[PDB]
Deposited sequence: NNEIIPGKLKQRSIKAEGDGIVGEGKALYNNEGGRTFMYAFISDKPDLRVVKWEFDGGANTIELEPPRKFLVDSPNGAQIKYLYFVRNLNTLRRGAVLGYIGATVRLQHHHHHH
C-alpha cells in the first residue's frame, strides 16, 4: 500500500498552519490518512470542498542539517486501525 503526500493549509483556532498531509490515491479517488505539522493546536484541514477534523497530536523528533526537530502527527478523525499503523510505517522509514 504505497503512500503519497500533498502540502496543504490547516487551521487551529487563531492558529492557522500550513503543512504536509498524507493521502492515498486508490484508483481515481483520494483519501487522506494523516497530517504532519510543526504547529500543535491544529484543529481542521480543508480537503478535496470538504472539511476534515484532526486528532490529539502524537509527538516526536525528526532530524535535519538545521537540526533534529519536534514534530506533531495528526491522524484524521476515526482513522481505522490498519491505516494508523500504515502511517507510522511510512514515517519510521523516512526519518
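Sequence ranges without modelled C-alpha atoms (deposited numbering): Gaps vs deposited seq, in order: 1-6, 55-58, 106-114.
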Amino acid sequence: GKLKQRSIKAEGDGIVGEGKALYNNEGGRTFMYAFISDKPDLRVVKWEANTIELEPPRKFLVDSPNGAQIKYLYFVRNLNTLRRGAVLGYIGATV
From here on, numbers count along this sequence of modelled residues.
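Higher-scoring stretch by recorded Cα B factor average, 76-84 or 19-27: Higher mean C-alpha B-factor: 19-27.
Third assignment of residue 33 from its chain's C-alpha B-factors: For residue 33, the deposited C-alpha B-factor lands in the lowest third.
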